[PDB]
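This report concerns only the one structure given below.
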Amino acid sequence: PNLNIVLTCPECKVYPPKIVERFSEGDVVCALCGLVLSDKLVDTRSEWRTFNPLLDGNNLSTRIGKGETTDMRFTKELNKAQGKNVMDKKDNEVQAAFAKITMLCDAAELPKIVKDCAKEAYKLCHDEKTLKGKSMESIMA
Amino acid sequence: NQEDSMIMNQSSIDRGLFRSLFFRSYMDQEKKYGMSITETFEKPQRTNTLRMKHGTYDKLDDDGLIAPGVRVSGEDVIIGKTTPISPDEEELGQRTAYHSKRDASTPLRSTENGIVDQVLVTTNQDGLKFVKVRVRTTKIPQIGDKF
Amino acid sequence: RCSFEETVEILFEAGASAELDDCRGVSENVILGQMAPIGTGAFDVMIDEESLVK
Amino acid sequence: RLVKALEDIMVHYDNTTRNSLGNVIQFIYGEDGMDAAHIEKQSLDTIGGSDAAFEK
Amino acid sequence: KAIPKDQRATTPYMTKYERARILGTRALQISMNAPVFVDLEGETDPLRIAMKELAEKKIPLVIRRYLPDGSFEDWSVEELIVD
Amino acid sequence: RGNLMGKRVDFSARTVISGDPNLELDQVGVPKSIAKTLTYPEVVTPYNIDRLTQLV
Amino acid sequence: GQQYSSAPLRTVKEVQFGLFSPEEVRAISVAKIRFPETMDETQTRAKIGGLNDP
Amino acid sequence: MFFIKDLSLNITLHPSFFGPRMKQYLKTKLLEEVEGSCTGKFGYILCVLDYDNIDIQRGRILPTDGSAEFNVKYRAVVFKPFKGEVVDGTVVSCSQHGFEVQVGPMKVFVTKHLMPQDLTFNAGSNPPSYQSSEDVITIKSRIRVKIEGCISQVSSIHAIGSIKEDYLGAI
Amino acid sequence: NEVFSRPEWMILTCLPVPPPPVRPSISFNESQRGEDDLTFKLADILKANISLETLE
Amino acid sequence: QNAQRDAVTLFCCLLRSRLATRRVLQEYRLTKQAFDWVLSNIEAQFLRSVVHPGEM
Amino acid sequence: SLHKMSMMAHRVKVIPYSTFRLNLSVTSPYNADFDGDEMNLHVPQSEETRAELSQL
Ligand SMILES: [Mg+2]
Ligand SMILES: [Zn+2]
C-alpha cells in the first residue's frame, strides 16, 4: 500500500527529481534551485563493514558448538535436540548434495565458477517431477 | 627552533632536497556471484546508470580505465565498474527509469592527486579479469613533515 | 552506578527491586541529554516584568 | 578510578560541600571556604621570634 | 517556596557563573532584536552590548538561586554587586 | 562508554601543532583549509546585514 | 531537521526501572512474528509477519 | 453542555515582545489561541470571562531560543459534549449513511442503522432528504438528537447521535 | 513492588521483539544481504518454539 | 556565627599579628588615609578570596 | 587530557600552511612537544555557549 517515499522540490516542482546526492556533507539537494532535499544521509558501505541469498534463500540458522567454560553433556543434548528437529525441513539433501558435489569438484580440480554453476543447476532442478529418481549420482554428474 | 623544531632552507628544497615519490596502487576486480550477475569494467553513461558518483568520467576510456600519464586528482574515478540489477528487486527512486545497471566504480582518494604511473590488466587464479593501477605523486617537504 | 563498570547487573537489580532514580546526578543528566545542575546550569534565569519599565 | 570516584560532588549556595544526594562531605569547602586560586604562602609573626623579641 | 527579602541569606555578590549566564542570555536576546536600554557608542557585537548593559546594571533580569532543600531566592541583577 | 559518556562528534579538526613566537598567548593559528571546511551559524542582525550580505 | 510536533515539550526527570510484565509486552507489541525467515519468498520487500516485517 | 471552568495555559513570547506593554500582548495571545479553538480535555472553548483581572503570575526564561514562558490562570466558558445527552440541532450535510446534525460548534453524525425503520432516505429530492411516515428531515429542519457516544481527540471532537428512541426525531 | 515488579514477571513467558532500528540489516549489492546476530537468535527462538509446539 | 568565628580565627590572628601598633607606628609609619586604604584593601581582597558556590 | 588546563579556549588567527600555530607558553599545561604531536579543535555552534565558553 504505497509506502514509496519520493523526494520532490516544492519550490521547483517543474520536473521529476533530477537531484544530486552530496555524500561528504550527508545531504541530497535539488540541482536547480540549490535547495537541500534531505539531511543526515545514511550509508550502505559502513553497515556492510561488519559482514547467501542466491542459494540459501531467506532461511536463517545458527550453529551450537562447545563453549569456553561448559560441559560436554550440554553440547550433546543441544545437538540431539537439533537432530530431532532436522526433519522439520527437507533441506538436508541440499547440504549433503552440495557436500558430495563439493568433494567431486575438488577432486576434479575445477575452478570455483564451475562449482557455483553446478550448484546453481542442481538448485534449479532439485526435486522436480520429471527427474523421478536417478539415484542422486546422475543428477550430480 | 624551540621544542625540537627545525628551520629548513627554502632554496635547498626548491633544488630537490628530501623530495620523495609516493606510489599508491588501486586494485579492482570484477566478480560473478551465481553466473547470472556479472560485473563488467566499462565506462558508465550518465543516462542509464543509477547510483553514479559525482566525480568526472572524462578521464576513462572505452574499457572503463584511465591510461597512464593522465593527471588525476581527488574525487576522480580511476576504474569504472557496473553491476547488473533487477527491475523488481529494489525500484528505489528512479530505478524503474534507468532500467540498465548500477554504478560501483572505485575512485581515487578524496585528498589525493598525482599522475597515473602504470596500469595493468590480468586474469587472476579463477580467471577473473582484475586490474591494478599505480599512481605516483611527488611530496615536496612541507613545514608539517617530520624528520 | 551502572555507568562506571558493571552495567547489566546494576540494571537488572534495579528493574528487579523496582528502584527509582532522582535524576539530578551528573551522569544521569548527561545520558538524558539536557542541562545538569552544575555551574551555569545550577540556577535558573528568570524575567521580572516590573523591571522592564525601569 | 579517581575521576569516577569524585564526580557528583559540588558546593551549593550555602557554603557547604555536599553531593547530589544531599550527603554532606564537608560542612565548609576546604574547612575555610577559600578557593585554591587566591591562597599564598604567608608567615605567622605571632609564634616567630623569641620571648624577648615578642615582648620587645 | 520563595524566601522573602528580609530572610535572603545568600551571598550578595554576583558569581562568575551568574555573570556568565546573564551576559550569555542577555547577549542572545540582544542578537534577537531585544530593546536595548543603554545608548550605544557604535558597537556591533552583541556581547559587547551585553557587557555595556551589565556595566550600568540596565539588564532586566532576576536570578532564582535554588537552595539544596528545594527552596529558592530572587536576587535581581540590579541589586547584585558585580565584581 | 562509546555512545553516552563519550562519542565521536562533528565541528572539529585534528592535525600537528607547532610553535610560533610571533603569536599571542591565547591565540592559535588555524590553516585556511580548516577555516574553509568548518563553519559557524551566525544570526542575521541589522548590525551585520551588510557584512553577511558580502559573505553571501 | 525533523518534523514539527504539537506535543508539549518538557525535560526528562524521574526514571523508574522495572520488569516487563508479559501482559504489558503483549499490549505494547503489534506483531506476533511466526516465520523464521527474514525477507519475503520473492527475495524482495519483507516477510510480512516475520523477523523484520513492515 | 455549556460549562464554565478556570483554565490555565502556557504562553510563549518572542524576545521582541518584551516592551512595558507586554501584558496586553499576553492577553491578546490569550484570546487569539483560546477563543474559538478546541481541546480534547475541556471541549470546545467558547468565550473567556474576566478580561480585566487576568493573573499573570511570573514569567520564566527557558534555556535556548530565549523565548519567554508564562502560566496564565483564567476563567472561560467552554462547551463539552457527553455520551447519551439529548441535544437539538439543524442538519447541514446529508449522506446515505445518515444526516449530519449541527449542534453548536460540533457536527454530530447519526448512523442510518441508528434510525427507525419508517425513516427512509430520499435522494430524488433537492437537497436529498430523509422522508419517514410523518416527518421529513431536510437541511433547514430542526431535529432533536440523543447523543450516544463522543470522541475526545486533541483539538478535534466528534460525536455520534441517534433518534431511534422515543421523544426524538424532528422538532 | 506490585506496580513494578512481580516474581511471576521474573519468569519469561512472552518475549519482546525489537525493531530493525535496533538491529539494522544490510542489503549489499542486492545479492549479499547480511542480517544481525539478534535476528538469527530470534530465528532460533522461533524454530525451537514451533518445534516444541509441534512435538507437544 | 560559631562556624564563622572558628573559620576566621586563624586569619584574625594573622591580622592581629601583622597589624600591631608598634609595627605600624615604628616600621610602616602609616598615616590615616594609608591605614584606612590598607584596611579597605584587606577587607576587599578577603571578600574576593571567597570560594564561589557552584564550583565542581 | 588529564588536566582541566588540557582543554582551553583560544582565539583563531587564520594562517596558511597546514599546522596549528601557537605560542610556547601554552605547551606546558598541555604537556606537548613539537615532534609529530596532533591536537584537536572543537568549535561552538551557538552564541550562548561561545560567550559562556569565553567567560569561563
Ligand atoms: Mg609527543
Ligand atoms: Zn529544487
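Just so we're on the same page: first chain in the C-alpha cells is A, next is B, and so on; residues restart at 1 for each chain, and ligands are numbered from 1 in the order they show up.
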Report task. Could you pull out the residues in chain C that DSSP calls helix (DSSP H, G or I) from the backbone, as a count of residues only? Result -> 25
Report task. Once DSSP has gone over the backbone, tell me which residues of chain I are in strand (DSSP E or B), as number ranges by chain. Result -> I: 26-28, 32-34
Kindly compile the residues surrounding ligand 2 within 10 Å, counting only C-alpha atoms and all ligand atoms, and format them as a PDB file with N, CA and C atoms, in the first residue's frame.
ATOM      1  N   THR A   8      10.751  15.413  -3.842  1.00  0.00           N
ATOM      2  CA  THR A   8      10.479  16.451  -4.826  1.00  0.00           C
ATOM      3  C   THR A   8      10.793  17.805  -4.211  1.00  0.00           C
ATOM      4  N   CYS A   9      11.064  18.785  -5.072  1.00  0.00           N
ATOM      5  CA  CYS A   9      11.330  20.140  -4.614  1.00  0.00           C
ATOM      6  C   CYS A   9      10.039  20.944  -4.663  1.00  0.00           C
ATOM      7  N   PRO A  10       9.479  21.358  -3.522  1.00  0.00           N
ATOM      8  CA  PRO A  10       8.240  22.150  -3.559  1.00  0.00           C
ATOM      9  C   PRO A  10       8.413  23.522  -4.184  1.00  0.00           C
ATOM     10  N   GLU A  11       9.641  24.038  -4.260  1.00  0.00           N
ATOM     11  CA  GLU A  11       9.865  25.334  -4.888  1.00  0.00           C
ATOM     12  C   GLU A  11      10.005  25.219  -6.399  1.00  0.00           C
ATOM     13  N   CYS A  12      10.552  24.108  -6.885  1.00  0.00           N
ATOM     14  CA  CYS A  12      10.773  23.925  -8.315  1.00  0.00           C
ATOM     15  C   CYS A  12       9.564  23.272  -8.981  1.00  0.00           C
ATOM     16  N   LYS A  13       9.197  22.066  -8.532  1.00  0.00           N
ATOM     17  CA  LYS A  13       8.001  21.352  -8.974  1.00  0.00           C
ATOM     18  C   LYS A  13       7.793  21.393 -10.484  1.00  0.00           C
ATOM     19  N   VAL A  14       8.884  21.433 -11.245  1.00  0.00           N
ATOM     20  CA  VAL A  14       8.814  21.539 -12.698  1.00  0.00           C
ATOM     21  C   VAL A  14       9.181  20.241 -13.400  1.00  0.00           C
ATOM     22  N   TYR A  15       9.759  19.275 -12.688  1.00  0.00           N
ATOM     23  CA  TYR A  15      10.206  18.028 -13.293  1.00  0.00           C
ATOM     24  C   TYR A  15      10.353  16.991 -12.193  1.00  0.00           C
ATOM     25  N   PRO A  17      12.247  14.244  -9.797  1.00  0.00           N
ATOM     26  CA  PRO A  17      13.513  14.530  -9.103  1.00  0.00           C
ATOM     27  C   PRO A  17      14.761  14.308  -9.945  1.00  0.00           C
ATOM     28  N   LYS A  18      15.327  15.402 -10.449  1.00  0.00           N
ATOM     29  CA  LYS A  18      16.630  15.407 -11.110  1.00  0.00           C
ATOM     30  C   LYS A  18      17.605  16.051 -10.128  1.00  0.00           C
ATOM     31  N   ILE A  19      18.009  15.275  -9.128  1.00  0.00           N
ATOM     32  CA  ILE A  19      18.704  15.799  -7.964  1.00  0.00           C
ATOM     33  C   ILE A  19      20.141  15.284  -7.944  1.00  0.00           C
ATOM     34  N   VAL A  29      20.297  17.192  -2.523  1.00  0.00           N
ATOM     35  CA  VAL A  29      19.965  18.564  -2.888  1.00  0.00           C
ATOM     36  C   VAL A  29      19.442  18.591  -4.318  1.00  0.00           C
ATOM     37  N   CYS A  30      18.446  19.442  -4.562  1.00  0.00           N
ATOM     38  CA  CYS A  30      17.990  19.697  -5.922  1.00  0.00           C
ATOM     39  C   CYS A  30      19.053  20.478  -6.685  1.00  0.00           C
ATOM     40  N   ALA A  31      19.410  19.988  -7.871  1.00  0.00           N
ATOM     41  CA  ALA A  31      20.451  20.603  -8.685  1.00  0.00           C
ATOM     42  C   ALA A  31      19.970  21.832  -9.445  1.00  0.00           C
ATOM     43  N   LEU A  32      18.786  22.353  -9.126  1.00  0.00           N
ATOM     44  CA  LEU A  32      18.261  23.530  -9.808  1.00  0.00           C
ATOM     45  C   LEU A  32      18.321  24.748  -8.896  1.00  0.00           C
ATOM     46  N   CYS A  33      17.355  24.865  -7.982  1.00  0.00           N
ATOM     47  CA  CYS A  33      17.328  25.976  -7.040  1.00  0.00           C
ATOM     48  C   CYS A  33      18.375  25.849  -5.942  1.00  0.00           C
ATOM     49  N   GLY A  34      19.123  24.749  -5.900  1.00  0.00           N
ATOM     50  CA  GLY A  34      20.121  24.556  -4.868  1.00  0.00           C
ATOM     51  C   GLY A  34      19.573  24.244  -3.496  1.00  0.00           C
ATOM     52  N   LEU A  35      18.267  24.014  -3.377  1.00  0.00           N
ATOM     53  CA  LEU A  35      17.658  23.724  -2.086  1.00  0.00           C
ATOM     54  C   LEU A  35      17.904  22.271  -1.705  1.00  0.00           C
ATOM     55  N   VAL A  36      18.335  22.052  -0.462  1.00  0.00           N
ATOM     56  CA  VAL A  36      18.568  20.697   0.019  1.00  0.00           C
ATOM     57  C   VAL A  36      17.243  19.951   0.098  1.00  0.00           C
ATOM     58  N   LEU A  37      17.279  18.653  -0.195  1.00  0.00           N
ATOM     59  CA  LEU A  37      16.092  17.816  -0.091  1.00  0.00           C
ATOM     60  C   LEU A  37      16.086  16.935   1.147  1.00  0.00           C
TER      61      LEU A  37
END
Requested in this report: Extract, using only C-alpha atoms, all DNA, RNA and protein residues at most 8 Å from segment 32-46 of chain D, discarding same-chain residues fewer than 2 positions from it, and format them as a list in words.
Outcome: residues 15, 28, 29, 30, 48, 49 and 54 of chain D; 7, 8, 13, 14, 17, 18, 49, 50, 51 and 52 of chain J
Which residues of chain K have any atom within 10 Å of an atom in ligand 1 when counting only C-alpha atoms and all ligand atoms, and what is the closest pair of atoms for each, with the distance in Å to one decimal? Order the rows by chain and rising number and write it as a tab-separated table.
residue	atom	partner	partner_atom_place_in_ligand_line	distance
K:31	CA	ligand 1	1 (Mg)	8.5
K:32	CA	ligand 1	1 (Mg)	5.9
K:33	CA	ligand 1	1 (Mg)	5.3
K:34	CA	ligand 1	1 (Mg)	6.9
K:35	CA	ligand 1	1 (Mg)	5.6
K:36	CA	ligand 1	1 (Mg)	6.2
K:37	CA	ligand 1	1 (Mg)	4.8
K:38	CA	ligand 1	1 (Mg)	8.3
Within 7 Å of chain C: each chain D residue with its shortest pair, only C-alpha atoms, as a tab-separated table:
residue	atom	partner	partner_atom	distance
D:4	CA	C:4	CA	7.0
D:8	CA	C:26	CA	5.9
D:20	CA	C:25	CA	5.8
Residue selection dump (N, CA and C atoms) as an mmCIF file, in the first residue's frame:
data_model
loop_
_atom_site.group_PDB
_atom_site.id
_atom_site.type_symbol
_atom_site.label_atom_id
_atom_site.label_comp_id
_atom_site.auth_asym_id
_atom_site.auth_seq_id
_atom_site.Cartn_x
_atom_site.Cartn_y
_atom_site.Cartn_z
ATOM 1 N N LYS D 4 35.999 8.903 38.317
ATOM 2 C CA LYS D 4 34.698 8.314 38.603
ATOM 3 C C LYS D 4 34.432 8.178 40.096
ATOM 4 N N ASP D 8 30.210 13.606 41.350
ATOM 5 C CA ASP D 8 28.958 14.275 41.687
ATOM 6 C C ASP D 8 29.065 15.074 42.980
ATOM 7 N N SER D 20 25.203 15.044 45.182
ATOM 8 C CA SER D 20 23.889 15.224 44.576
ATOM 9 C C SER D 20 22.774 14.683 45.463
#
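If you look at atom CA of residue 159 of chain H and atom CA of residue 108 of chain H, they are 5.0 Å away from each other.
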With a cut-off of 8 Å, could you pull out the residues of chain K touching chain E and give me the nearest pair of atoms for each, distance in Å to one decimal, using only C-alpha atoms, ordered by chain and ascending number, as JSON lines?
{"residue": "K:47", "atom": "CA", "partner": "E:28", "partner_atom": "CA", "distance": 6.6}
{"residue": "K:48", "atom": "CA", "partner": "E:24", "partner_atom": "CA", "distance": 4.8}
{"residue": "K:49", "atom": "CA", "partner": "E:24", "partner_atom": "CA", "distance": 7.5}
{"residue": "K:51", "atom": "CA", "partner": "E:24", "partner_atom": "CA", "distance": 5.5}
{"residue": "K:52", "atom": "CA", "partner": "E:20", "partner_atom": "CA", "distance": 5.6}
{"residue": "K:55", "atom": "CA", "partner": "E:20", "partner_atom": "CA", "distance": 6.0}
{"residue": "K:56", "atom": "CA", "partner": "E:20", "partner_atom": "CA", "distance": 7.5}
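Across the model, the gap from atom CA of residue 38 of chain G to atom CA of residue 48 of chain I is 16.4 Å.
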Tell me, as an mmCIF file with N, CA and C atoms, in the first residue's frame, which residues lie within 9 Å of segment 139-141 of chain B, counting only C-alpha atoms; anything in the same chain fewer than 5 positions away does not count.
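out-v7.cif, written as the output of this step:
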data_model
loop_
_atom_site.group_PDB
_atom_site.id
_atom_site.type_symbol
_atom_site.label_atom_id
_atom_site.label_comp_id
_atom_site.auth_asym_id
_atom_site.auth_seq_id
_atom_site.Cartn_x
_atom_site.Cartn_y
_atom_site.Cartn_z
ATOM 1 N N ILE B 13 65.224 23.267 -0.707
ATOM 2 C CA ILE B 13 64.029 22.486 -1.014
ATOM 3 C C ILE B 13 63.670 22.619 -2.487
ATOM 4 N N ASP B 14 63.766 23.833 -3.033
ATOM 5 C CA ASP B 14 63.446 24.048 -4.440
ATOM 6 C C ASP B 14 64.407 23.319 -5.371
ATOM 7 N N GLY B 16 65.509 20.312 -4.798
ATOM 8 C CA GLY B 16 65.287 18.886 -4.660
ATOM 9 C C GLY B 16 65.984 18.256 -3.473
ATOM 10 N N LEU B 17 65.660 18.717 -2.267
ATOM 11 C CA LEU B 17 66.226 18.179 -1.037
ATOM 12 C C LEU B 17 65.128 17.451 -0.271
ATOM 13 N N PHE B 18 65.363 16.169 0.018
ATOM 14 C CA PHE B 18 64.421 15.304 0.730
ATOM 15 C C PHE B 18 63.089 15.157 0.002
ATOM 16 N N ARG B 19 63.061 15.410 -1.305
ATOM 17 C CA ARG B 19 61.855 15.193 -2.093
ATOM 18 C C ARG B 19 61.718 13.712 -2.421
ATOM 19 N N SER B 20 60.524 13.165 -2.205
ATOM 20 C CA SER B 20 60.284 11.742 -2.380
ATOM 21 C C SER B 20 59.051 11.514 -3.242
ATOM 22 N N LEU B 21 58.958 10.301 -3.782
ATOM 23 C CA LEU B 21 57.835 9.872 -4.600
ATOM 24 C C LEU B 21 56.980 8.879 -3.826
ATOM 25 N N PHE B 22 55.664 9.007 -3.973
ATOM 26 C CA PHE B 22 54.702 8.117 -3.343
ATOM 27 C C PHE B 22 53.885 7.425 -4.425
ATOM 28 N N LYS B 146 57.755 15.496 9.034
ATOM 29 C CA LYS B 146 58.629 15.106 10.129
ATOM 30 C C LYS B 146 59.958 14.584 9.595
#
Query raised in the report: If we count only C-alpha atoms, what is near residue 22 of chain D at a cut-off of 9 Å, once residues fewer than 2 positions away on the same chain are taken out, given as a PyMOL selection string?
Result: (chain D and resi 18-20+24) or (chain E and resi 68-69)
Could you write out the selected residues, including N, CA, C and O atoms, as a CSV table (one decimal), in the first residue's frame?
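Below is the file again_30.csv, written as the result:
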chain,number,residue,atom,x,y,z
D,18,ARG,N,28.5,19.2,49.5
D,18,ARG,CA,27.6,18.0,49.6
D,18,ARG,C,27.4,17.5,48.2
D,18,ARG,O,27.4,18.3,47.2
D,19,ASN,N,27.2,16.2,48.1
D,19,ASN,CA,27.0,15.5,46.8
D,19,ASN,C,25.6,15.8,46.2
D,19,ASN,O,24.8,16.6,46.8
D,20,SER,N,25.2,15.0,45.2
D,20,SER,CA,23.9,15.2,44.6
D,20,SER,C,22.8,14.7,45.5
D,20,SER,O,21.7,15.2,45.5
D,24,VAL,N,26.4,15.3,53.2
D,24,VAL,CA,27.4,16.3,53.5
D,24,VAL,C,28.7,15.7,53.7
D,24,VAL,O,29.0,15.0,54.7
E,68,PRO,N,19.5,23.9,48.4
E,68,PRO,CA,19.5,22.5,48.4
E,68,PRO,C,18.3,21.8,48.9
E,68,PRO,O,18.0,20.6,48.6
E,69,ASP,N,17.5,22.5,49.8
E,69,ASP,CA,16.3,21.9,50.3
E,69,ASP,C,15.1,22.0,49.4
E,69,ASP,O,14.0,21.6,49.8
